[PDB]
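What follows is a single structure, written as structure tokens, with notes after it.
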Amino acid sequence: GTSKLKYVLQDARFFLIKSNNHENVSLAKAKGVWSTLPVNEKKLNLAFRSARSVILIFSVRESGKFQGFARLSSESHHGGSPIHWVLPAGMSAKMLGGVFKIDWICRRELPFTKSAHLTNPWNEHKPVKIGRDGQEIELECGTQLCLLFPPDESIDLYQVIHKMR
Ligand SMILES: CNC(=O)c1n[nH]c2c1CCC2
């Protein structure tokens with residue numbers, strides 16, 4: 001069904017995450033974590049305090065697809081176990097901010113060809129696939145995008161619902 005999913009997404013905020021590579025999304029899927037540049041870390045922390053759910057929707061650059069979506073379960077925090085992210089030519093690990101804990105809602109991919117009817121008002125009504133890392137996606141667009149993903153029957157949203165407060 002889709003009823004618990006719709007409940008989790010009700011009044012949520014949504015952010016597009018553009019990963020440079022598949023490895024970092026693989027790490028995020030395995031460890032339930034994400035880290036971003038301080039400019040986006042501050043925005044995500046503000047949103048986490050401000051909304052019942054904050055959803056990250058992931059896309060690996062040049063893949064032509066989204067790789068899934070997840071809900072923040074914490075603000076960013078430092079001092080945890082290190083994560084060996086793959087970072088660009090000349091960027092150090094301390095350039096990233098703290099670590100956000102995330103609960104995956106869907107680990108399956110969605111090709112951009114299937115979201116071509118969805119535009120994001122907060123990015124000039126461009127197709128939702130278009131945007132910089134951290135671009136916020138307006139509520140209706142983000143909800144419809146998340147509902148397009150194939151169902152992930154490995155997921156149980158019961159425990160996610162209990163975290164909402
Ligand atoms: C896991 N997080 C990342 O891979 C990331 N987030 N922001 C930026 C990067 C690399 C380049 C800038």
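Within each chain, counting starts at residue 1; across the structure tokens, chains are named A, B, ... in the order shown, with ligands numbered 1 upward in that order.
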Practice prompt. May I have the residues within 10 Å of range 75-90 of chain A as a VMD selection string, using only C-alpha atoms and disregarding those fewer than 5 positions away in the same chain?
Written response: chain A and resid 19 to 28 31 33 to 36 41 to 42 44 to 49 95 to 102
Worksheet item: So which bits of range 30-132 of chain A end up strand (DSSP E) when you DSSP the backbone, as number ranges by chain?
Response: A: 33-34, 54-60, 65-66, 68-72, 100-106, 110-111, 119-120, 126-127
Would you export the selected residues with N, CA, C and O atoms as a CSV table (one decimal), in the first residue's frame, please?
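Wrote selection.csv, looks like this:
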```csv
chain,number,residue,atom,x,y,z
A,33,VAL,N,23.3,7.4,6.6
A,33,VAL,CA,24.0,8.7,6.9
A,33,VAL,C,24.1,9.5,5.6
A,33,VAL,O,24.2,8.9,4.5
A,34,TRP,N,24.1,10.8,5.8
A,34,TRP,CA,24.5,11.7,4.7
A,34,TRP,C,25.3,12.9,5.3
A,34,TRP,O,25.0,13.3,6.5
A,54,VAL,N,11.7,15.7,6.9
A,54,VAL,CA,12.5,16.3,5.9
A,54,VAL,C,13.0,15.1,5.0
A,54,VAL,O,13.7,14.2,5.5
A,55,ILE,N,12.8,15.2,3.7
A,55,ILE,CA,13.1,14.1,2.8
A,55,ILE,C,14.2,14.5,1.9
A,55,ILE,O,14.2,15.6,1.3
A,56,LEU,N,15.2,13.7,1.8
A,56,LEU,CA,16.3,13.9,0.8
A,56,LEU,C,16.0,12.9,-0.4
A,56,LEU,O,15.8,11.7,-0.2
A,57,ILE,N,16.0,13.5,-1.6
A,57,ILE,CA,15.8,12.7,-2.8
A,57,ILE,C,17.1,12.7,-3.6
A,57,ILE,O,17.6,13.8,-4.0
A,58,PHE,N,17.7,11.5,-3.8
A,58,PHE,CA,19.1,11.4,-4.2
A,58,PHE,C,19.2,11.2,-5.7
A,58,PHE,O,18.4,10.4,-6.3
A,59,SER,N,20.1,11.9,-6.4
A,59,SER,CA,20.4,11.6,-7.8
A,59,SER,C,21.9,11.7,-8.0
A,59,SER,O,22.6,12.7,-7.6
A,60,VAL,N,22.5,10.6,-8.6
A,60,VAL,CA,23.9,10.6,-8.9
A,60,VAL,C,24.1,11.3,-10.2
A,60,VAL,O,23.4,11.0,-11.2
A,65,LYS,N,19.0,9.3,-13.4
A,65,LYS,CA,18.0,8.7,-12.5
A,65,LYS,C,18.1,9.3,-11.1
A,65,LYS,O,19.1,9.9,-10.8
A,66,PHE,N,17.1,9.1,-10.3
A,66,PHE,CA,17.2,9.2,-8.9
A,66,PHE,C,17.4,7.8,-8.3
A,66,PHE,O,17.0,6.8,-8.9
A,68,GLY,N,16.8,6.9,-5.0
A,68,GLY,CA,15.9,6.7,-3.8
A,68,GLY,C,15.7,7.9,-3.0
A,68,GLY,O,16.1,9.0,-3.4
A,69,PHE,N,15.1,7.7,-1.9
A,69,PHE,CA,14.8,8.9,-1.0
A,69,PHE,C,14.8,8.4,0.5
A,69,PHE,O,14.5,7.2,0.7
A,70,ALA,N,15.0,9.3,1.4
A,70,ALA,CA,15.2,9.0,2.8
A,70,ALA,C,14.8,10.2,3.6
A,70,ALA,O,14.7,11.3,3.1
A,71,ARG,N,14.5,9.9,4.9
A,71,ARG,CA,14.0,11.0,5.8
A,71,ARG,C,15.1,11.2,6.9
A,71,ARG,O,15.6,10.3,7.5
A,72,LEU,N,15.4,12.5,7.1
A,72,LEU,CA,16.3,12.8,8.2
A,72,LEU,C,15.7,12.4,9.5
A,72,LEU,O,14.6,12.6,9.8
A,100,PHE,N,24.3,13.6,9.2
A,100,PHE,CA,22.9,13.5,9.4
A,100,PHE,C,22.6,12.0,9.4
A,100,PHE,O,23.0,11.2,8.5
A,101,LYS,N,21.8,11.5,10.4
A,101,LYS,CA,21.3,10.2,10.3
A,101,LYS,C,20.0,10.2,9.5
A,101,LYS,O,19.2,11.2,9.6
A,102,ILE,N,19.8,9.2,8.7
A,102,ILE,CA,18.7,9.1,7.8
A,102,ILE,C,18.1,7.7,7.8
A,102,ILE,O,18.8,6.7,8.0
A,103,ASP,N,16.8,7.6,7.6
A,103,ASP,CA,16.0,6.4,7.4
A,103,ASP,C,15.6,6.3,6.0
A,103,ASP,O,14.8,7.2,5.5
A,104,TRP,N,16.0,5.3,5.3
A,104,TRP,CA,15.6,5.1,3.9
A,104,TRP,C,14.2,4.8,3.8
A,104,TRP,O,13.6,4.0,4.6
A,105,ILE,N,13.5,5.4,2.8
A,105,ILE,CA,12.1,5.2,2.6
A,105,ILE,C,12.0,4.3,1.3
A,105,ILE,O,11.1,3.5,1.2
A,106,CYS,N,12.8,4.6,0.3
A,106,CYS,CA,12.9,3.8,-0.9
A,106,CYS,C,14.3,3.8,-1.4
A,106,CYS,O,14.9,4.8,-1.6
A,110,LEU,N,14.5,5.6,-9.9
A,110,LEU,CA,13.4,6.2,-10.8
A,110,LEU,C,14.1,6.9,-11.9
A,110,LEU,O,14.8,7.9,-11.6
A,111,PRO,N,13.9,6.5,-13.2
A,111,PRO,CA,14.6,7.3,-14.2
A,111,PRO,C,13.9,8.7,-14.4
A,111,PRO,O,12.7,8.8,-14.2
A,119,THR,N,7.4,19.7,-12.3
A,119,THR,CA,8.2,20.9,-12.3
A,119,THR,C,8.3,21.4,-10.9
A,119,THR,O,7.3,21.2,-10.1
A,120,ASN,N,9.4,22.1,-10.5
A,120,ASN,CA,9.6,22.6,-9.2
A,120,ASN,C,9.5,24.1,-9.2
A,120,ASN,O,10.3,24.8,-9.7
A,126,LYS,N,11.4,24.6,-13.5
A,126,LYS,CA,12.1,23.7,-14.3
A,126,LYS,C,11.8,22.2,-13.9
A,126,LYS,O,11.3,22.0,-12.8
A,127,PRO,N,12.0,21.3,-14.8
A,127,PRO,CA,11.7,19.9,-14.4
A,127,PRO,C,12.5,19.5,-13.1
A,127,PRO,O,13.6,20.0,-12.9
```
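The smallest atom-to-atom distance between residue 11 in chain A and any of A:137, A:93, A:51, A:160, using only C-alpha atoms, is found for A:51.
Coordinates place CA of residue 109 in chain A at a distance of 10.3 Å from CA of residue 63 in chain A.
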Item to complete: Check the smallest atom-to-atom distance from each of A:121, A:142, A:32, A:64 to ligand 1 using only C-alpha atoms and all ligand atoms, then report the winner.
Response: A:32
